[PDB]
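Quick notes on the structure that follows.
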Amino acid sequence: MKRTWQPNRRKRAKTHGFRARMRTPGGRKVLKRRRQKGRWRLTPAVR
Amino acid sequence: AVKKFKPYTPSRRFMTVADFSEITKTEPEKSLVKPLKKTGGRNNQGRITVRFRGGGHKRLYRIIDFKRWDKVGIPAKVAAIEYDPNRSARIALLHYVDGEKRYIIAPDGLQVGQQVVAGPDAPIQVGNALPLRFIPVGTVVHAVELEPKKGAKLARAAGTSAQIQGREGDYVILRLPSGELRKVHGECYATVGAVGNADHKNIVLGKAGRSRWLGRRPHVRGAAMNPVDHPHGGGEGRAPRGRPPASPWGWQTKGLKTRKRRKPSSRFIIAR
RNA sequence: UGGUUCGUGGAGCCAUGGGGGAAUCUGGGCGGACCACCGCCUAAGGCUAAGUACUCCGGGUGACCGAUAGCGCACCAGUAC
RNA sequence: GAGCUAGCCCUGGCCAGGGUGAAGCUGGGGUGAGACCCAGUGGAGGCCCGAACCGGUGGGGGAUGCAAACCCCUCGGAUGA
RNA sequence: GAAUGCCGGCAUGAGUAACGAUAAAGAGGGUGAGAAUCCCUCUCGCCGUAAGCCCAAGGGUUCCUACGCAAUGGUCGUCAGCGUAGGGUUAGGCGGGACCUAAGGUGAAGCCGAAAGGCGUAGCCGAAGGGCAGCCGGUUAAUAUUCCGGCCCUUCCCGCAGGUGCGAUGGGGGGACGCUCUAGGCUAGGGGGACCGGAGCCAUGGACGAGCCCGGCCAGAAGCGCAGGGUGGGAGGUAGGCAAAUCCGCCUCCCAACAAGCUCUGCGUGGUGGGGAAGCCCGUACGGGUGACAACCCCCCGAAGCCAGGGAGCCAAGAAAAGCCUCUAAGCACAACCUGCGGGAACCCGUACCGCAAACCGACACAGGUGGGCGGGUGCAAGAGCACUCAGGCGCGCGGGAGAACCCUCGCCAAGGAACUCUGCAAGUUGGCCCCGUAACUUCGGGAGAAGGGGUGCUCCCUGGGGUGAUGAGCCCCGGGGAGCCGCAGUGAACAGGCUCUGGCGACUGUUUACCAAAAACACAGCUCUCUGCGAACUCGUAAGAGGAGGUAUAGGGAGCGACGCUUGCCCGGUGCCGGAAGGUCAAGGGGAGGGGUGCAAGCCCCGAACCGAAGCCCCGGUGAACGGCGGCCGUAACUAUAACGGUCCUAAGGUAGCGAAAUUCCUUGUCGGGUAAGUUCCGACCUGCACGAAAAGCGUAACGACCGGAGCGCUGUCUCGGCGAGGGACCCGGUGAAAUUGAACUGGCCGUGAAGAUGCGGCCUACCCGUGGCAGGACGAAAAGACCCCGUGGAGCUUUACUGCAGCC
RNA sequence: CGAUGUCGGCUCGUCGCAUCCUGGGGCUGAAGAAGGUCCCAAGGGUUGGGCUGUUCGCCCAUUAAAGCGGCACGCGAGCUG
RNA sequence: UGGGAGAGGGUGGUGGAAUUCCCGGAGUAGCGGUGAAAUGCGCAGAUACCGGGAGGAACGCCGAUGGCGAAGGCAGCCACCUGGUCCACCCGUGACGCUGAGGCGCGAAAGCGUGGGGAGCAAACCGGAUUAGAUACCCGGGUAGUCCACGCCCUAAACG
Ligand SMILES: [Mg+2]
Ligand SMILES: [Mg+2]
Ligand SMILES: [Mg+2]
Ligand SMILES: [Mg+2]
Ligand SMILES: [Mg+2]
Ligand SMILES: [Mg+2]
Ligand SMILES: [Mg+2]
Ligand SMILES: [Mg+2]
Ligand SMILES: [Mg+2]
Ligand SMILES: [Mg+2]
Ligand SMILES: [Mg+2]
Ligand SMILES: [Mg+2]
Ligand SMILES: [Mg+2]
Ligand SMILES: [Mg+2]
Ligand SMILES: [Mg+2]
Ligand SMILES: [Mg+2]
Ligand SMILES: [Mg+2]
Ligand SMILES: [Mg+2]
Ligand SMILES: [Mg+2]
Ligand SMILES: [Mg+2]
Ligand SMILES: [Mg+2]
Ligand SMILES: [Mg+2]
Ligand SMILES: [Mg+2]
Ligand SMILES: [Mg+2]
Ligand SMILES: [Mg+2]
Ligand SMILES: [Mg+2]
Ligand SMILES: [Mg+2]
Ligand SMILES: [Mg+2]
Ligand SMILES: [Mg+2]
Ligand SMILES: [Mg+2]
Ligand SMILES: [Mg+2]
Ligand SMILES: [Mg+2]
Ligand SMILES: [Mg+2]
Ligand SMILES: [Mg+2]
Ligand SMILES: [Mg+2]
Ligand SMILES: [Mg+2]
Ligand SMILES: [Mg+2]
Ligand SMILES: [Mg+2]
Ligand SMILES: [Mg+2]
Ligand SMILES: [Mg+2]
Ligand SMILES: [Mg+2]
Ligand SMILES: [Mg+2]
Ligand SMILES: [Mg+2]
Ligand SMILES: [Mg+2]
Ligand SMILES: [Mg+2]
Ligand SMILES: [Mg+2]
Ligand SMILES: [Mg+2]
Ligand SMILES: [Mg+2]
Ligand SMILES: [Mg+2]
Ligand SMILES: [Mg+2]
Ligand SMILES: [Mg+2]
Ligand SMILES: [Mg+2]
Ligand SMILES: [Mg+2]
Ligand SMILES: [Mg+2]
Ligand SMILES: [Mg+2]
Ligand SMILES: [Mg+2]
Ligand SMILES: [Mg+2]
Ligand SMILES: [Mg+2]
Ligand SMILES: [Mg+2]
Ligand SMILES: [Mg+2]
Ligand SMILES: [Mg+2]
Ligand SMILES: [Mg+2]
Ligand SMILES: [Mg+2]
Ligand SMILES: [Mg+2]
Ligand SMILES: [Mg+2]
Ligand SMILES: [Mg+2]
Ligand SMILES: [Mg+2]
Ligand SMILES: [Mg+2]
Ligand SMILES: [Mg+2]
Ligand SMILES: [Mg+2]
Ligand SMILES: [Mg+2]
Ligand SMILES: [Mg+2]
Ligand SMILES: [Mg+2]
Ligand SMILES: [Mg+2]
Ligand SMILES: [Mg+2]
Ligand SMILES: [Mg+2]
Ligand SMILES: [Mg+2]
Ligand SMILES: [Mg+2]
Ligand SMILES: [Mg+2]
Ligand SMILES: [Mg+2]
Ligand SMILES: [Mg+2]
Ligand SMILES: [Mg+2]
Ligand SMILES: [Mg+2]
Ligand SMILES: [Mg+2]
Ligand SMILES: [Mg+2]
Ligand SMILES: [Mg+2]
Ligand SMILES: [Mg+2]
Ligand SMILES: [Mg+2]
Ligand SMILES: [Mg+2]
Ligand SMILES: [Mg+2]
Ligand SMILES: [Mg+2]
Ligand SMILES: [Mg+2]
Ligand SMILES: [Mg+2]
Ligand SMILES: [Mg+2]
Ligand SMILES: [Mg+2]
Ligand SMILES: [Mg+2]
Ligand SMILES: [Mg+2]
Ligand SMILES: [Mg+2]
Ligand SMILES: [Mg+2]
Ligand SMILES: [Mg+2]
Ligand SMILES: [Mg+2]
Ligand SMILES: [Mg+2]
Ligand SMILES: [Mg+2]
Ligand SMILES: [Mg+2]
Ligand SMILES: [Mg+2]
Ligand SMILES: [Mg+2]
Ligand SMILES: [Mg+2]
Ligand SMILES: [Mg+2]
Ligand SMILES: [Mg+2]
Ligand SMILES: [Mg+2]
Ligand SMILES: [Mg+2]
Ligand SMILES: [Mg+2]
Ligand SMILES: [Mg+2]
Ligand SMILES: [Mg+2]
Ligand SMILES: [Mg+2]
Ligand SMILES: [Mg+2]
Ligand SMILES: [Mg+2]
Ligand SMILES: [Mg+2]
Ligand SMILES: [Mg+2]
Ligand SMILES: [Mg+2]
Ligand SMILES: [Mg+2]
Ligand SMILES: [Mg+2]
Ligand SMILES: [Mg+2]
Ligand SMILES: [Mg+2]
Ligand SMILES: [Mg+2]
Ligand SMILES: [Mg+2]
Ligand SMILES: [Mg+2]
Ligand SMILES: [Mg+2]
Ligand SMILES: [Mg+2]
Ligand SMILES: [Mg+2]
Ligand SMILES: [Mg+2]
Ligand SMILES: [Mg+2]
Ligand SMILES: [Mg+2]
Ligand SMILES: [Mg+2]
Ligand SMILES: [Mg+2]
Ligand SMILES: [Mg+2]
Ligand SMILES: [Mg+2]
Ligand SMILES: [Mg+2]
Ligand SMILES: [Mg+2]
Ligand SMILES: [Mg+2]
Ligand SMILES: [Mg+2]
Ligand SMILES: [Mg+2]
Ligand SMILES: [Mg+2]
Ligand SMILES: [Mg+2]
Ligand SMILES: [Mg+2]
Ligand SMILES: [Mg+2]
Ligand SMILES: [Mg+2]
Ligand SMILES: [Mg+2]
Ligand SMILES: [Mg+2]
Ligand SMILES: [Mg+2]
Ligand SMILES: [Mg+2]
Ligand SMILES: [Mg+2]
Ligand SMILES: [Mg+2]
Ligand SMILES: [Mg+2]
Ligand SMILES: [Mg+2]
Ligand SMILES: [Mg+2]
Ligand SMILES: [Mg+2]
Ligand SMILES: [Mg+2]
Ligand SMILES: [Mg+2]
Ligand SMILES: [Mg+2]
Ligand SMILES: [Mg+2]
Ligand SMILES: [Mg+2]
Ligand SMILES: [Mg+2]
Ligand SMILES: [Mg+2]
Ligand SMILES: [Mg+2]
Ligand SMILES: [Mg+2]
Ligand SMILES: [Mg+2]
Ligand SMILES: [Mg+2]
Ligand SMILES: [Mg+2]
Ligand SMILES: [Mg+2]
Ligand SMILES: [Mg+2]
Ligand SMILES: [Mg+2]
Ligand SMILES: [Mg+2]
Ligand SMILES: [Mg+2]
Ligand SMILES: [Mg+2]
Ligand SMILES: [Mg+2]
Ligand SMILES: [Mg+2]
Ligand SMILES: [Mg+2]
Ligand SMILES: [Mg+2]
Ligand SMILES: [Mg+2]
Ligand SMILES: [Mg+2]
Ligand SMILES: [Mg+2]
Ligand SMILES: [Mg+2]
Ligand SMILES: [Mg+2]
Ligand SMILES: [Mg+2]
Ligand SMILES: [Mg+2]
Ligand SMILES: [Mg+2]
Ligand SMILES: [Mg+2]
Ligand SMILES: [Mg+2]
Ligand SMILES: [Mg+2]
Ligand SMILES: [Mg+2]
Ligand SMILES: [Mg+2]
Ligand SMILES: [Mg+2]
Ligand SMILES: [Mg+2]
Ligand SMILES: [Mg+2]
Ligand SMILES: [Mg+2]
Ligand SMILES: [Mg+2]
Ligand SMILES: [Mg+2]
Ligand SMILES: [Mg+2]
Ligand SMILES: [Mg+2]
Ligand SMILES: [Mg+2]
Ligand SMILES: [Mg+2]
Ligand SMILES: [Mg+2]
Ligand SMILES: [Mg+2]
Ligand SMILES: [Mg+2]
Ligand SMILES: [Mg+2]
Ligand SMILES: [Mg+2]
Ligand SMILES: [Mg+2]
Ligand SMILES: [Mg+2]
Ligand SMILES: [Mg+2]
């Protein structure tokens, strides 16, 4: 039956992506934590 | 004049629609329509604030003149009477002799072809708008401003009518359609006639869905709820009200007044 | 109302949100309600190193560990997944 | 976190083929005028039978399964909430 | 050495279950070290509104080719969607952007918020919506509406030629719109053909024949033709479209009433361009040559597609903005714009491949899930249904045997038909179309496919209607009558209701517990109560703001009941709510009688009684479709019996109508009657209502119901009572190969014993060692630190006249 | 209580006897036939239905009889539910 | 043809007295009510008086043994629409007439459906008296109804 992950490159970039991290003051602290962690991808890779 | 139905489905046993006999024009004036935002009850936060709305037929909004001191002295020929979906009344299309076209809402007993005019010096005759200080006392009247130049607030629904019962000084005394008696300022315009489509309140919708076409969604009783959802909720078995009967938000709904008590309007209000 | 050891207590001192509302040295605050005496300071403008805290980084040392230990990673790890 | 799910807003799409035959028209009958009654036309409906589509009634299978909700027979709606 | 301990490693089950749809396989020949599994040929089966093509999302090299087989592939592998390497994706016209706007998002002005931030007109962003210029073939191993060939277009920019007051992000028109049903004419698509073109073939009894088989097209400017859509033309007057207008709008006379005229599409024809089967011959895996100088004609069916903004009807009354046209404003009128021609200019991204699936979402080459378009033919009345089958694609990536029990999915059955059982659960009967015929009841619609019947194929003859063609032949759609033929059987296969009587609940269609409940629960039209005069009440928010609503008492919110019919009685003492400018009490505040502490005193600082002090509560009334409530004991009537009647206690009042052993009845299988041979259920009654009862409604009610109960008819493997048969497993062999569980094990019965249910203790009995197919009594068998019970001064959810606070309101 | 699945039905039995029938016997208020009561005796047998979830029970029609109990109120890694 | 009377009917409009309620002033210790009392209303300022406002229903005197209509029935006034009827002139048609099974229409009051309206009265209902008891008569409250529009019902001591 219809499972949970039904992917969409529009929705993935507009929700999790970098320009929508940096609206929100919570979301800037996301990238701050991932930089301080040292992640190789601060945002989810869409194409 | 209300048109009924043979019972050839179960819903068509009781369903009544209106006659649409006064309607002369089936399609609205292009320069006077603009789209209704359907809202769904949902405010600018996205939250429901009025429950059980949505799903309606799509509507274009008809721009109504509720002012009519805009165009004092300039008479207008009644060109069409139309259906407005956004209101219980019909609407009347006016061709002014300018060639400004406006909608007004339709009184009882307008004809197409006839002439109306606003004015302090207009004839006291159906469709004309005067100040309230110039209409003779005892006329029924509609489209009534509450405070002057703020536009028509009072007696707008289908069939409704207010009656002038006096003057007192600057102020005149209206029997409102609630039966409230109220002092309204004399320079507030008002438009004589009762409102037509007075057979609106005999429409029996017939089935569930005709509520839904108007965007009235299903209404859920609080007795069918659970006690997080509603005061009336819960109870193994059916439940009497258990408590004084109550809104979802806690306050009583058999008797409790909530006219705000220190309101400055209440010095203008005689009875209720 | 908050701060101070001070939780209304005999409750001062310091900062205050609301109301009333002075004076310029014979003027004002304070010394734990208050008053007198005796004393101590001069509010309602601001600036000021050093002595103090920390360790992303460099260095030295260890009755610290030695690949299930030591950082999560000694190894292209915040990776694969 | 509303890419599952619930509700709403904007913009598009889909519903094979059959039945029944409301109103209203036209002719006729009727009357002072009517209501009304026959045909014929008409094509209404949260109407009927039934695929796509949406479901999930009863039974059987499955039970470390094809499947962390499935499969077969059967069944409900299918121009509308 | 133990913590159902952590990490790792390896064992047991065990060569056990399984190898992922029962759509199906067999042989011959090649390669190869090795073939059931790779390639080729023949035969067979499966899909064929797909299991076949084309888009979009998602995926991201999986595409093609060459060399390979360690691992991936549920076996094998020479193969591959795998490893290595190389190649492959070409656009002014397709999709998206240098165009526009929708919900929404953002947001200069401005509003708000301790900070972070929250709103917000214009503007900007925002697309499967609007706008816009490309059709047909050919090449590659792999791309093409992208390259090539033919034909045809759109923007710009610069020139000349001819016309005109040109001219804006500004005004106006337009764009521009619903649902259902439709007319006319086309096209797509398909059927037939003696006509046309074809390699060929007479087979096995007959046929050289209007024989059999294949194919008889596609695109195409201008110009015609045929359908069809949009549109009035002048003259004045004008204060409205926030400046101005000749435009638009509104008046007033004149010619049309039409598409006559203008344009604008669609469809035929069209210069010319291209394609071209079956069969045969081959050398690849895939394609080529010939057949061909190919023919490329005529009828019929015909769309849901086109003309498109068509027409009619209906209520629930059906986006915006730009492109486009028109109108003026500054500016300009050596400009600028329009039409024609020529020359020049035309960017950025995607394009391979899978795409109902082995490449997307499900950890897997997973029987699940995934939006749009084409989806042929014949028959069954129609259809996207069902059966077979064109093109095309498959035989589902373990096989070979055997022919036990047992399981799954099928088929049949003597005699009996529900005796089975909680229950006809399941399975069977019925089944499509045509024609007779059809009851109570009813809201007059229904009930109705009621029920129950008859027909159903084929041949010949006669015969009536339409559509296309000329009224005619043919071709197609419909019928009627008569005479016959065959079989057990004529919707001869597949798809296709079992029916009736009766009660309960809910009026009805609908909705829900994704993943054990589809119901009598929710919702529903409809009824009532109550609030709300608009900066409304209510809701979200600290606020700003927003919904309500761009609504205005025929409207909006809240509560209950829940179509409809007949009805909704009594109690206002307590609680709620509503109305009372009196009175009791009531905080801050006012007020200071009087008293206190200090001073040598002026003073400074304290308490502090009368009295004035709101809401609220007390108090006075009202209020039931507000919360709720609606009795007990005695006696009495010409036979018992019973009580119409009376006496009495208490209450605020003491259950009215109507129902009643009920979804309510403990006693209870109450007691009568009906059904049955027999009826704790069912139906109809009585009332002794433990403990119905009027909007948490009362009593009924046609129709409706995958709801719940009773009964009968038809029919049957449900049963008496089983039997046989088929296939997929089970069993044997070859290939791959798990699992939970496991203290170790050399693991028998009885009678006792033991922590009270012993393979292990005692006595006796029995018993060589080891497997395989089976059955489940035991190992207090597995799985889950029992979910029922209790405990813990454990936790959450919910309630209230528990306590204490807070938002809110006064 | 780091789990001993609870009623009733089906299937399958097996055991006890304090025996329902059948067999042997004593007493009888045993004339005969049929009975009553007690003793011996388990080898075998111990029906099909209506009602109800029922066990039990009540009826229908038979029978030689329509027996009572145990085996975790036998029996759910056997089934139903 | 020319006149006459009439509450004959339908529609629209309008005038005054009185009852009730609300507001303002003044004003006291009681008002209603009955056979008599009581319930009830009233120092929270009632009844009795004056002034203003709203609302509904019925129209005193004229007015009666009167008029009109087929019956039911019809009463302030104004206008519109309309039926019936009577007299006079004797002008026209020329027997065109009477009754009337069915049918059709009208049809007080009460009652019913939808909406409106509701001042007074008033079934049911609630109190207070009478009585042995009162589900009645009397008294104080009070809902349908009585009123309007539309659609039903179709009755009677519809009686001369
Ligand atoms: Mg518009
Ligand atoms: Mg917003
Ligand atoms: Mg937001
Ligand atoms: Mg509801
Ligand atoms: Mg509930
Ligand atoms: Mg919640
Ligand atoms: Mg609550
Ligand atoms: Mg409750
Ligand atoms: Mg209950
Ligand atoms: Mg403190
Ligand atoms: Mg403090
Ligand atoms: Mg303390
Ligand atoms: Mg302190
Ligand atoms: Mg201060
Ligand atoms: Mg201050
Ligand atoms: Mg101080
Ligand atoms: Mg000090
Ligand atoms: Mg001090
Ligand atoms: Mg001191
Ligand atoms: Mg000091
Ligand atoms: Mg200073
Ligand atoms: Mg360092
Ligand atoms: Mg060491
Ligand atoms: Mg480590
Ligand atoms: Mg090591
Ligand atoms: Mg580590
Ligand atoms: Mg969603
Ligand atoms: Mg259809
Ligand atoms: Mg008809
Ligand atoms: Mg139809
Ligand atoms: Mg339907
Ligand atoms: Mg159906
Ligand atoms: Mg489709
Ligand atoms: Mg779905
Ligand atoms: Mg569902
Ligand atoms: Mg199912
Ligand atoms: Mg199941
Ligand atoms: Mg179905
Ligand atoms: Mg059905
Ligand atoms: Mg130990
Ligand atoms: Mg260990
Ligand atoms: Mg381990
Ligand atoms: Mg092993
Ligand atoms: Mg083996
Ligand atoms: Mg084994
Ligand atoms: Mg085995
Ligand atoms: Mg096996
Ligand atoms: Mg060889
Ligand atoms: Mg797309
Ligand atoms: Mg893509
Ligand atoms: Mg993938
Ligand atoms: Mg790769
Ligand atoms: Mg190769
Ligand atoms: Mg391999
Ligand atoms: Mg290698
Ligand atoms: Mg392999
Ligand atoms: Mg696999
Ligand atoms: Mg090889
Ligand atoms: Mg490949
Ligand atoms: Mg490869
Ligand atoms: Mg550019
Ligand atoms: Mg550019
Ligand atoms: Mg743009
Ligand atoms: Mg834009
Ligand atoms: Mg914002
Ligand atoms: Mg800021
Ligand atoms: Mg906005
Ligand atoms: Mg677009
Ligand atoms: Mg588009
Ligand atoms: Mg394009
Ligand atoms: Mg092509
Ligand atoms: Mg390709
Ligand atoms: Mg080209
Ligand atoms: Mg111009
Ligand atoms: Mg425009
Ligand atoms: Mg415009
Ligand atoms: Mg054709
Ligand atoms: Mg030929
Ligand atoms: Mg031969
Ligand atoms: Mg052909
Ligand atoms: Mg063609
Ligand atoms: Mg052509
Ligand atoms: Mg004109
Ligand atoms: Mg102007
Ligand atoms: Mg015409
Ligand atoms: Mg042409
Ligand atoms: Mg060829
Ligand atoms: Mg060929
Ligand atoms: Mg149209
Ligand atoms: Mg714009
Ligand atoms: Mg491409
Ligand atoms: Mg491609
Ligand atoms: Mg598809
Ligand atoms: Mg997959
Ligand atoms: Mg899965
Ligand atoms: Mg995969
Ligand atoms: Mg596979
Ligand atoms: Mg799959
Ligand atoms: Mg399926
Ligand atoms: Mg699908
Ligand atoms: Mg087709
Ligand atoms: Mg077909
Ligand atoms: Mg046939
Ligand atoms: Mg056919
Ligand atoms: Mg058919
Ligand atoms: Mg189709
Ligand atoms: Mg099919
Ligand atoms: Mg084939
Ligand atoms: Mg397989
Ligand atoms: Mg046979
Ligand atoms: Mg049989
Ligand atoms: Mg037989
Ligand atoms: Mg039989
Ligand atoms: Mg039985
Ligand atoms: Mg039985
Ligand atoms: Mg039954
Ligand atoms: Mg069944
Ligand atoms: Mg049959
Ligand atoms: Mg029935
Ligand atoms: Mg019928
Ligand atoms: Mg039949
Ligand atoms: Mg035959
Ligand atoms: Mg034709
Ligand atoms: Mg013809
Ligand atoms: Mg026959
Ligand atoms: Mg069938
Ligand atoms: Mg019952
Ligand atoms: Mg229902
Ligand atoms: Mg009912
Ligand atoms: Mg239905
Ligand atoms: Mg249903
Ligand atoms: Mg469920
Ligand atoms: Mg679940
Ligand atoms: Mg279910
Ligand atoms: Mg009702
Ligand atoms: Mg109503
Ligand atoms: Mg708030
Ligand atoms: Mg607002
Ligand atoms: Mg608004
Ligand atoms: Mg309301
Ligand atoms: Mg409401
Ligand atoms: Mg209810
Ligand atoms: Mg009910
Ligand atoms: Mg009825
Ligand atoms: Mg009641
Ligand atoms: Mg009460
Ligand atoms: Mg009360
Ligand atoms: Mg009271
Ligand atoms: Mg009060
Ligand atoms: Mg005080
Ligand atoms: Mg004081
Ligand atoms: Mg004081
Ligand atoms: Mg007070
Ligand atoms: Mg007696
Ligand atoms: Mg008594
Ligand atoms: Mg009573
Ligand atoms: Mg009974
Ligand atoms: Mg009997
Ligand atoms: Mg009997
Ligand atoms: Mg009985
Ligand atoms: Mg009964
Ligand atoms: Mg009873
Ligand atoms: Mg009871
Ligand atoms: Mg009840
Ligand atoms: Mg009750
Ligand atoms: Mg009630
Ligand atoms: Mg009932
Ligand atoms: Mg019923
Ligand atoms: Mg029924
Ligand atoms: Mg059987
Ligand atoms: Mg068998
Ligand atoms: Mg077999
Ligand atoms: Mg093997
Ligand atoms: Mg033992
Ligand atoms: Mg032993
Ligand atoms: Mg031992
Ligand atoms: Mg064994
Ligand atoms: Mg065992
Ligand atoms: Mg087994
Ligand atoms: Mg066991
Ligand atoms: Mg266990
Ligand atoms: Mg435990
Ligand atoms: Mg539980
Ligand atoms: Mg405790
Ligand atoms: Mg606790
Ligand atoms: Mg507060
Ligand atoms: Mg236990
Ligand atoms: Mg254990
Ligand atoms: Mg014995
Ligand atoms: Mg014996
Ligand atoms: Mg004997
Ligand atoms: Mg004897
Ligand atoms: Mg004897
Ligand atoms: Mg029976
Ligand atoms: Mg039974
Ligand atoms: Mg028992
Ligand atoms: Mg036994
Ligand atoms: Mg026991
Ligand atoms: Mg047991
Ligand atoms: Mg059991
Ligand atoms: Mg069950
Ligand atoms: Mg159960
Ligand atoms: Mg004469
Ligand atoms: Mg004669
Ligand atoms: Mg009457
Ligand atoms: Mg009456
Ligand atoms: Mg009435
Ligand atoms: Mg009275
Ligand atoms: Mg009275
Ligand atoms: Mg009389």
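Residues in the structure tokens are numbered from 1 in each chain, the chains being A, B, ... in the order shown, and ligands are numbered from 1 in the order shown.
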Could you give me, as a tab-separated table, a per-residue list for chain G showing, wherever an atom lies at most 12 Å from an atom of ligand 204, the closest pair of atoms and their distance in Å to one decimal, using only C-alpha atoms (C1' of nucleotides) and all ligand atoms and sorting by chain then residue number from low to high?
```
residue	atom	partner	partner_atom_place_in_ligand_line	distance
G:94	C1'	ligand 204	1 (Mg)	9.7
G:95	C1'	ligand 204	1 (Mg)	7.8
G:96	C1'	ligand 204	1 (Mg)	10.9
```
Please produce an output containing C-alpha atoms (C1' of nucleotides) for each residue in the selection, written as a PDB file, in the first residue's frame.
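Below you can see out_22.pdb, which holds the result:
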```pdb
ATOM      1  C1'   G G  94     -90.717  36.603 -29.012  1.00  0.00           C
ATOM      2  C1'   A G  95     -92.593  30.514 -25.052  1.00  0.00           C
ATOM      3  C1'   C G  96     -86.691  31.622 -25.245  1.00  0.00           C
TER       4        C G  96
END
```
Using only C-alpha atoms (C1' of nucleotides) and all ligand atoms, what are the residues with an atom within 12 Å of ligand 62, set out as a ChimeraX atom specification?
/E:97-98,156,346-348
Quick one: residues within 7 Å of stretch 117-133 of chain G, only C-alpha atoms (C1' of nucleotides), excluding same-chain residues fewer than 3 positions away - as an MDAnalysis selection string?
chainID G and resid 19:20 38:39 55:56
Close residues, stretch 24-37 of chain D itself excluded, 12 Å, only C-alpha atoms (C1' of nucleotides), min 3 positions apart in chain, as a PDB file with C-alpha atoms (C1' of nucleotides), in the first residue's frame:
```pdb
ATOM      1  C1'   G D  40     -46.655  13.013 -27.866  1.00  0.00           C
ATOM      2  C1'   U D  41     -42.155  15.583 -26.893  1.00  0.00           C
ATOM      3  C1'   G D  42     -38.922  16.222 -23.182  1.00  0.00           C
ATOM      4  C1'   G D  43     -34.316  14.313 -20.191  1.00  0.00           C
ATOM      5  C1'   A D  44     -34.725  15.608 -13.916  1.00  0.00           C
TER       6        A D  44
ATOM      7  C1'   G E 313     -32.238  23.756 -19.803  1.00  0.00           C
ATOM      8  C1'   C E 314     -31.119  24.190 -14.483  1.00  0.00           C
TER       9        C E 314
ATOM     10  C1'   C G 104     -69.736  22.450  -9.400  1.00  0.00           C
TER      11        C G 104
END
```
Using Å and a single decimal, report how far atom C1' of residue E:784 sits from atom 1 (Mg, counted along the ligand's line) of ligand 187.
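About the pair atom 1 (Mg, counted along the ligand's line) of ligand 187 and atom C1' of residue E:784: they are 14.4 Å apart.
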As a quick test: using only C-alpha atoms (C1' of nucleotides) and all ligand atoms, which residues lie no more than 9 Å away from ligand 26? Give them as a count of residues only.
3
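Excluding stretch 1-9 of chain A and any residue on its chain fewer than 3 positions from it, the residues at most 7 Å away by only C-alpha atoms (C1' of nucleotides) are residues 12, 13, 46 and 47 of chain A; 3 and 4 of chain D; 58, 361, 362, 368 and 369 of chain E.
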Mind giving me the straight-line distance from atom CA of residue B:190 to atom CA of residue B:141 in Å, one decimal?
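Those two atoms sit 6.5 Å apart.
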Name each residue within 9 Å of ligand 120, counting only C-alpha atoms (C1' of nucleotides) and all ligand atoms, as a VMD selection string.
chain E and resid 445 to 448
Counting only C-alpha atoms (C1' of nucleotides) and all ligand atoms, name the residues that have an atom within 9 Å of an atom of ligand 72; the answer should be given as a list in words.
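Result of the 9 Å neighbour search around ligand 72: residues 63, 142, 143, 352 and 353 of chain E.
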Could you list, as a PyMOL selection string, all residues that come within 9 Å of ligand 152? Count only C-alpha atoms (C1' of nucleotides) and all ligand atoms.
chain E and resi 589-592+608
Select, as an MDAnalysis selection string, those residues of chain B with any atom no more than 12 Å from chain G (distances computed using only C-alpha atoms (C1' of nucleotides)).
chainID B and resid 1:2 165:168 173 175 179 181 198:204 270:271
So that I can see what lies close to residue F:80, please list as a PyMOL selection string the residues with an atom at most 12 Å from it, counting only C-alpha atoms (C1' of nucleotides) and leaving out residues fewer than 5 positions away in the same chain.
(chain E and resi 421-422+425) or (chain F and resi 8-11)
Long-range neighbours of residue B:245 as a list in words, 7 Å cut-off, only C-alpha atoms (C1' of nucleotides), 4 positions minimum in chain
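My list of contacting residues is residues 241, 252, 253 and 254 of chain B; 559 of chain E.
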Selection within 12 Å of ligand 59 by only C-alpha atoms (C1' of nucleotides) and all ligand atoms, output as a PyMOL selection string
chain E and resi 61-65+79-82+141-142+353-354+359
